[PDB]
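Some notes on the structure that comes next.
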Amino acid sequence: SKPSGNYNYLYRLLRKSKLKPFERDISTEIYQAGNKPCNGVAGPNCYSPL
Amino acid sequence: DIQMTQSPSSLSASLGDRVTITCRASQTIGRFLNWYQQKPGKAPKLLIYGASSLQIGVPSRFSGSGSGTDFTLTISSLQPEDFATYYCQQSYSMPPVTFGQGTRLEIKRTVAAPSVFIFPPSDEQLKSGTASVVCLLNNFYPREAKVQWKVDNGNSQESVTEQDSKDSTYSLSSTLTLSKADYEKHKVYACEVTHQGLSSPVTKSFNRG
Amino acid sequence: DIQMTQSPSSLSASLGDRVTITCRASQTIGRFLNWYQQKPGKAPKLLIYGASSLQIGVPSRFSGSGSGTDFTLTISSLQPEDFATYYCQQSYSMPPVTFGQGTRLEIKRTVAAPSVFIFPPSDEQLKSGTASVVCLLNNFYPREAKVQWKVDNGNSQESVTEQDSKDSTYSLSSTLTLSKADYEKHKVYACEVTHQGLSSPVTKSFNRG
Amino acid sequence: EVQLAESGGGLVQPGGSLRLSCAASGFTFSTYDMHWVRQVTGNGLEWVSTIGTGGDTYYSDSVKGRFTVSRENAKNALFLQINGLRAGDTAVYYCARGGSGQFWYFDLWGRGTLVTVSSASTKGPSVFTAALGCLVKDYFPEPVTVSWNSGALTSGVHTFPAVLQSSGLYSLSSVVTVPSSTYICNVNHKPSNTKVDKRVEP
Amino acid sequence: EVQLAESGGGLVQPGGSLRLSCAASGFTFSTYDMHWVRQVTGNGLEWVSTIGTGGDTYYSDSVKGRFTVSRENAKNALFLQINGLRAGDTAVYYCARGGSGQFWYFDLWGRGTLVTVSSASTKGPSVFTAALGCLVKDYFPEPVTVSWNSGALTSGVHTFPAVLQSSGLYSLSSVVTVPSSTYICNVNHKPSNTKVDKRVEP
C-alpha cells in the first residue's frame, strides 16, 4: 500500500557474465562502465548501479 | 511451460521394420520422461516409463532411449498390433506436465492412386435448404493428399477414414457448402484435387445443362 | 608388413542410429584384431579385443564382428559419448603391429552452408613485407570444404575447428601468405571457395588494404 | 480384472455445472494418486488435474479457477467437479492412476468419458460398375452407423467421420459401390429415434 | 585408482638425446608388459616399441637402431631413451600396458605425452552485425587458449588451431561477432611470458 513507492525495492540489470545460481551480490556502489568509470562515482556514462 | 517436440505427424514403415520415434525437449529434463501407446479404437497405455525402464507386459521388441534434451523410442520389429499413435510426456516439473503433439505409425505400401469420383446433390437437398457439392477420393495410400474447392473454376472440412487393412489405403471425402439451392446458381462447381502420382485436377467441375 | 584398410575417414549418423565400422586386413589374420576408441580431447581406450570379446566397462551397444580378412565394428544405438575416432589394429604379426588410418564419427543434420567472410588484418602486418589475407568459412555442417587461393585472380595451410556441440557445424579458416615483395608487387587477390550449397564460388576477389 | 469406471460425461450448456465420476477396482485405491487427462478430437493428450494421496489438489493453467477435483478414500470413488465450461473445453477425458515411484507416470488407464459443450440440440438429419454416395446434413453424435439397401447392405459401405457445422450439428458423406454394367441408402439415428433414407443412382 | 603417469616430453634439437618416463600405479607392474605407441599430429596411432616381462625388448622398422626402451621391476618406473631424433619423429607418445592373454592388446592407457623435434625457438607473436577477428603470426606451441576481452565477452567467440610455419613457428586465427547495425582480442602467450592484444573496432 504505497501509491508513491519509488524506493524500498530494487533489482540488478547487469553482470550477466557468470551469475552462478544462489549467489547474490550487494555491492552496487560503482563498477567499470564506459571509457572512464567517472573516477569512481555515479553519473553519465557510468550508470553501473542497479 | 516446458514444451516437447516429437517426431513428424506420421511415420510410414512395413511389418518388421525398425522405427525410432524421436522426441526432443525444450530443456534438460534428465530422464523424467515416459512414452504412451494409444490405438484410436481404445484407451491409451504406457510402454516406456523413465525413458530407461520397460513396462510389464510390453514385448521386448520395444526399446526406449535418449535423455536430457533428446529422446528416441526405438522399435525393432513392427508387428500388426504395434501400429498405433504414440506420445512423449515430460515429468521434470510435476504440476505443468505436457505431452507431445503425437506421431502416427502407418503401414508402408506402394503409391496407390485414388479413384477420383464426384457426385451431385440429389433433389432432396434442393428441396431442402442449403445445398452442397461433395468430392470423393477413395482407396489411396498417400494420405498427404488434400482436397480444396473453387467456385466456377464456402469450403467445408474434409473427412478421412482409417487405413483399411484390405488395401492399406485411405479414403477421403471433401464437400463444398453453399447457400439455399445454389446448385442452380452456377453452372460450374470446381473440386480441387491434389494427389501424388496423379494429374491433380485443380478444377474438377460438373457440366450442367 | 601387414596393412589395414578401415572405413572412410568420416561417418555421418544421428543419435540412436546403427553404425557398422568396417576394417579389412591385407591377408588372413584370423581373430588377432582389436578395436580402440579415441576422443580427440583425451587418451585412447579399447572397446573390442580379439574381435569377439567385449572390454569390461563398455556398454553393450558396441559389438565387434568379422574375422580373417574383413572386420566390422557394429554399433546399435549412438549416444553423445559414442561420437569419437576409432582405430583397428591387427595382432597376428605382433612385433610388426600396424594400426588403421582412423574413422571419424560425426552427428548427422541438415547440410549447412558456410558463411563466407573476408576481411584484411591491421596495418601492423602490412608494415612488414609479409602481409596476409584471411578467408573465413564459419558454421557449415560438412568438413570437406576445399579452399584455395588465386593471385591476381600464395596458398597456405587452412584451419578447421571441431564440430559444435549445439549447432553441429564446422568452421574453416584459410589464409593467404605473401612472401617478401609479394605484398607490394601484387594488389588484387582472390579466395577460391568450393562447398556444397554455394553457386561455385571459385573466385572471391579482394583488394589490398 | 483391474479397471477404472467412468460416468457423467455428456452434452452441457456453456458455463453449466458438470460433475464427472470415476470408480476404481482391483487394487488398493487409498495408496495411489489419480490424474485427469483430456484429449480433444484430433488432438493429443492434455493433463487437466490430479489429486495425491494426502488430499492435495493440482490443476493446469487454463484449468485452475473453474475445476475442482475430489476423491474419497472409501468406495474407490473419484470425482471432478467442472464449472464454467466453454466450447474450447470439448475433449475426451480419461481417468488415470498415478503409478508408484518418484515421478508422475500413468500406469493404469480407464475407459474414458466424452464431454461436449454446446448450446445446440438433437435434430433429425436428412438423407441426400460405379460408386456413389448419399450426403447427410444436420447430424448429431450417435452410437450407430450408416447402412444401405434399407439396412441390408453393409459390407461395401464406407462411412467417413463427421464434421461440425455452424448450427451445432454434424454431417456425413457415406458412399457405396453398385454394379452398373441404385439402392436405398438408409440412415438410422438412435438419439433422434427416427430413421431417414434416400437413394442415389449412377 | 589405476593410471599411468608420464613425463619428459618436450622440445629437443634434431639428433639430440631424449629419455621419456612412465610411472604405473594401481596394479602389479612386474607382471604386465608395457608398450609405446606414438601418434603424429593429424595421423593415427603408430606402435614404437615394447618390453616384455622377461626384459626382452622389441622395436619397429623405423624405430630400431636409434631407440632404447628400458624398464625397472621396482618403483613401477618405465623409460624410453631416444637418440638421433629428426623432424619426422614429432608425435604424441602414449604409455600403454599389455593385458593378459595370448595376443598383444592395450587394456590400459596413460595420460600421453607430446614430443617435438625441431631447431626453432620461442618467438613473440604479432597480433593484427559483422564477423571479424584478429590474426596472429610467428606463434609457438602454447598451453593456454586465446580469449577475447579476457573471456568476459558472451558473444560468438571461436579460435582455430595453429598452422605450421617455415621457420618452425606457428600462426593462429580467431574470429568474433560485433554489432554493426569493438572488443579486444587477448593473446596471452604463456611460453613467451608476454601478452599481446589488438582491437577490431569498426
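Labels for the C-alpha cells follow display order: chains A, B, ..., residues from 1 in each chain, ligands from 1.
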Within 10 Å of residue 20 (chain C) using only C-alpha atoms, minus same-chain residues under 3 positions, as a ChimeraX atom specification: /C:7,11,23,62-65,71-76
Residue neighbourhood region 118-124 of chain E, 8 Å, only C-alpha atoms, exclusion window fewer than 5 positions, as a ChimeraX atom specification: /E:11-14,86-87,138-140,167-169,189,191-192,194
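Across the structure, CA of residue 45 (chain C) and CA of residue 53 (chain E) are spaced 22.4 Å apart.
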Ordered Cα pairing of chain B with chain C, RMSD after least-squares superposition: 1.2 Å
Spatial neighbours of region 177-194 of chain C, 12 Å, only C-alpha atoms, chain gap at least 6 places, as a PyMOL selection string: (chain C and resi 113-120+125-137+142-158+200-209) or (chain E and resi 137+163+165-166+171)
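What separates CA of residue 165 (chain B) from CA of residue 155 (chain D) is a distance of 14.3 Å.
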Residue contacts of residue 106 (chain D) (10 Å, only C-alpha atoms) excluding same-chain residues fewer than 4 positions away, as number ranges by chain: B: 34-36, 44-46, 49; D: 33-35, 37, 95-100
Output the selection as an mmCIF file, in the first residue's frame - N, CA, C and O atoms for each residue.
```cif
data_model
loop_
_atom_site.group_PDB
_atom_site.id
_atom_site.type_symbol
_atom_site.label_atom_id
_atom_site.label_comp_id
_atom_site.auth_asym_id
_atom_site.auth_seq_id
_atom_site.Cartn_x
_atom_site.Cartn_y
_atom_site.Cartn_z
ATOM 1 N N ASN B 34 8.376 -40.256 -20.119
ATOM 2 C CA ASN B 34 7.698 -41.527 -20.316
ATOM 3 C C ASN B 34 6.898 -41.478 -21.610
ATOM 4 O O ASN B 34 6.423 -40.418 -22.026
ATOM 5 N N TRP B 35 6.755 -42.640 -22.243
ATOM 6 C CA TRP B 35 6.042 -42.776 -23.505
ATOM 7 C C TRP B 35 4.698 -43.449 -23.272
ATOM 8 O O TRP B 35 4.473 -44.065 -22.226
ATOM 9 N N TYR B 36 3.808 -43.329 -24.254
ATOM 10 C CA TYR B 36 2.495 -43.952 -24.210
ATOM 11 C C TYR B 36 2.109 -44.455 -25.593
ATOM 12 O O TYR B 36 2.576 -43.939 -26.613
ATOM 13 N N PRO B 44 -5.480 -45.193 -24.095
ATOM 14 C CA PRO B 44 -4.014 -45.230 -24.173
ATOM 15 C C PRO B 44 -3.419 -46.192 -23.156
ATOM 16 O O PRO B 44 -4.068 -46.632 -22.204
ATOM 17 N N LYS B 45 -2.147 -46.519 -23.373
ATOM 18 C CA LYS B 45 -1.400 -47.394 -22.484
ATOM 19 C C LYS B 45 0.078 -47.041 -22.564
ATOM 20 O O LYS B 45 0.596 -46.716 -23.635
ATOM 21 N N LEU B 46 0.752 -47.103 -21.420
ATOM 22 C CA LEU B 46 2.161 -46.750 -21.352
ATOM 23 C C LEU B 46 3.037 -47.913 -21.803
ATOM 24 O O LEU B 46 2.701 -49.086 -21.611
ATOM 25 N N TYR B 49 8.568 -46.024 -19.272
ATOM 26 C CA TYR B 49 8.485 -45.031 -18.213
ATOM 27 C C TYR B 49 9.881 -44.768 -17.671
ATOM 28 O O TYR B 49 10.670 -45.690 -17.450
ATOM 29 N N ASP D 33 -2.130 -42.228 -6.418
ATOM 30 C CA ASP D 33 -2.626 -40.932 -6.856
ATOM 31 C C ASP D 33 -3.403 -41.072 -8.161
ATOM 32 O O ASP D 33 -3.179 -41.993 -8.950
ATOM 33 N N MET D 34 -4.327 -40.141 -8.382
ATOM 34 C CA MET D 34 -5.186 -40.156 -9.556
ATOM 35 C C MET D 34 -4.979 -38.880 -10.357
ATOM 36 O O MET D 34 -4.772 -37.805 -9.787
ATOM 37 N N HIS D 35 -5.035 -39.007 -11.681
ATOM 38 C CA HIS D 35 -4.824 -37.888 -12.588
ATOM 39 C C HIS D 35 -5.962 -37.826 -13.595
ATOM 40 O O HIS D 35 -6.570 -38.850 -13.923
ATOM 41 N N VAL D 37 -6.756 -36.508 -17.453
ATOM 42 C CA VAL D 37 -6.177 -36.089 -18.722
ATOM 43 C C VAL D 37 -7.265 -36.093 -19.783
ATOM 44 O O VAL D 37 -8.030 -37.054 -19.914
ATOM 45 N N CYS D 95 -9.864 -41.233 -17.087
ATOM 46 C CA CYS D 95 -9.474 -41.423 -15.697
ATOM 47 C C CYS D 95 -8.207 -42.267 -15.633
ATOM 48 O O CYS D 95 -8.176 -43.398 -16.130
ATOM 49 N N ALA D 96 -7.158 -41.716 -15.025
ATOM 50 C CA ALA D 96 -5.863 -42.380 -14.997
ATOM 51 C C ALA D 96 -5.338 -42.412 -13.569
ATOM 52 O O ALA D 96 -5.635 -41.534 -12.755
ATOM 53 N N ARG D 97 -4.543 -43.438 -13.281
ATOM 54 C CA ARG D 97 -3.954 -43.641 -11.965
ATOM 55 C C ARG D 97 -2.456 -43.381 -12.026
ATOM 56 O O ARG D 97 -1.792 -43.772 -12.993
ATOM 57 N N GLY D 98 -1.928 -42.723 -10.998
ATOM 58 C CA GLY D 98 -0.503 -42.469 -10.913
ATOM 59 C C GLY D 98 0.260 -43.622 -10.297
ATOM 60 O O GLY D 98 -0.015 -44.022 -9.162
ATOM 61 N N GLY D 99 1.223 -44.167 -11.038
ATOM 62 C CA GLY D 99 1.987 -45.290 -10.541
ATOM 63 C C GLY D 99 2.941 -44.902 -9.426
ATOM 64 O O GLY D 99 3.317 -43.743 -9.257
ATOM 65 N N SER D 100 3.333 -45.908 -8.650
ATOM 66 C CA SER D 100 4.252 -45.683 -7.544
ATOM 67 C C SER D 100 5.654 -45.395 -8.066
ATOM 68 O O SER D 100 6.100 -45.982 -9.056
#
```
Report the closest atom pair, with its distance in Å rounded to one decimal, for each residue of chain A that has an atom no farther than 12 Å from chain E; count only C-alpha atoms, sort by chain and then rising residue number, and write it as JSON lines.
```
{"residue": "A:15", "atom": "CA", "partner": "E:152", "partner_atom": "CA", "distance": 9.9}
{"residue": "A:16", "atom": "CA", "partner": "E:154", "partner_atom": "CA", "distance": 8.5}
{"residue": "A:17", "atom": "CA", "partner": "E:152", "partner_atom": "CA", "distance": 6.2}
{"residue": "A:18", "atom": "CA", "partner": "E:152", "partner_atom": "CA", "distance": 8.7}
```
Restricting the output to N, CA, C and O atoms, write the selected residues as an mmCIF file, in the first residue's frame.
```cif
data_model
loop_
_atom_site.group_PDB
_atom_site.id
_atom_site.type_symbol
_atom_site.label_atom_id
_atom_site.label_comp_id
_atom_site.auth_asym_id
_atom_site.auth_seq_id
_atom_site.Cartn_x
_atom_site.Cartn_y
_atom_site.Cartn_z
ATOM 1 N N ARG A 15 25.968 -7.427 -15.200
ATOM 2 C CA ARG A 15 26.806 -8.543 -14.755
ATOM 3 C C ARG A 15 26.221 -9.894 -15.158
ATOM 4 O O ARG A 15 25.983 -10.758 -14.310
ATOM 5 N N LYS A 16 25.987 -10.087 -16.457
ATOM 6 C CA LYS A 16 25.475 -11.365 -16.938
ATOM 7 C C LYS A 16 26.591 -12.318 -17.345
ATOM 8 O O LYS A 16 26.333 -13.278 -18.079
ATOM 9 N N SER A 17 27.822 -12.075 -16.889
ATOM 10 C CA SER A 17 28.952 -12.915 -17.270
ATOM 11 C C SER A 17 28.804 -14.357 -16.806
ATOM 12 O O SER A 17 28.741 -15.256 -17.652
ATOM 13 N N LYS A 18 28.747 -14.603 -15.499
ATOM 14 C CA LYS A 18 28.612 -15.964 -14.993
ATOM 15 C C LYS A 18 27.287 -16.155 -14.264
ATOM 16 O O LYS A 18 26.489 -17.020 -14.640
#
```
Compile the contact shell of residue 59 (chain D) as a PDB file with N, CA, C and O atoms, in the first residue's frame: residues with an atom at most 8 Å away, counting only C-alpha atoms, same-chain residues fewer than 4 positions apart removed.
```
ATOM      1  N   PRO B  95       3.664 -30.468 -11.689  1.00  0.00           N
ATOM      2  CA  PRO B  95       2.365 -29.820 -11.943  1.00  0.00           C
ATOM      3  C   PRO B  95       2.150 -29.513 -13.419  1.00  0.00           C
ATOM      4  O   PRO B  95       1.117 -29.912 -13.977  1.00  0.00           O
TER       5      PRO B  95
ATOM      6  N   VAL D  48      -5.161 -32.333 -17.167  1.00  0.00           N
ATOM      7  CA  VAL D  48      -6.155 -31.397 -16.658  1.00  0.00           C
ATOM      8  C   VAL D  48      -5.955 -31.127 -15.171  1.00  0.00           C
ATOM      9  O   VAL D  48      -5.713 -29.990 -14.765  1.00  0.00           O
ATOM     10  N   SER D  49      -6.054 -32.164 -14.346  1.00  0.00           N
ATOM     11  CA  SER D  49      -5.921 -32.011 -12.904  1.00  0.00           C
ATOM     12  C   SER D  49      -5.504 -33.346 -12.309  1.00  0.00           C
ATOM     13  O   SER D  49      -5.484 -34.375 -12.989  1.00  0.00           O
ATOM     14  N   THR D  50      -5.170 -33.316 -11.021  1.00  0.00           N
ATOM     15  CA  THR D  50      -4.772 -34.514 -10.299  1.00  0.00           C
ATOM     16  C   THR D  50      -4.947 -34.277  -8.807  1.00  0.00           C
ATOM     17  O   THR D  50      -5.119 -33.139  -8.361  1.00  0.00           O
ATOM     18  N   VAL D  63      -6.995 -24.536 -16.487  1.00  0.00           N
ATOM     19  CA  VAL D  63      -7.925 -25.387 -15.761  1.00  0.00           C
ATOM     20  C   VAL D  63      -8.211 -24.853 -14.365  1.00  0.00           C
ATOM     21  O   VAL D  63      -9.358 -24.888 -13.905  1.00  0.00           O
ATOM     22  N   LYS D  64      -7.189 -24.342 -13.679  1.00  0.00           N
ATOM     23  CA  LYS D  64      -7.370 -23.816 -12.333  1.00  0.00           C
ATOM     24  C   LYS D  64      -8.340 -22.641 -12.345  1.00  0.00           C
ATOM     25  O   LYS D  64      -8.373 -21.848 -13.289  1.00  0.00           O
ATOM     26  N   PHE D  67     -12.222 -25.619 -12.234  1.00  0.00           N
ATOM     27  CA  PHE D  67     -12.314 -27.040 -11.944  1.00  0.00           C
ATOM     28  C   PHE D  67     -12.127 -27.296 -10.450  1.00  0.00           C
ATOM     29  O   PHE D  67     -11.624 -26.454  -9.700  1.00  0.00           O
TER      30      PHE D  67
END
```
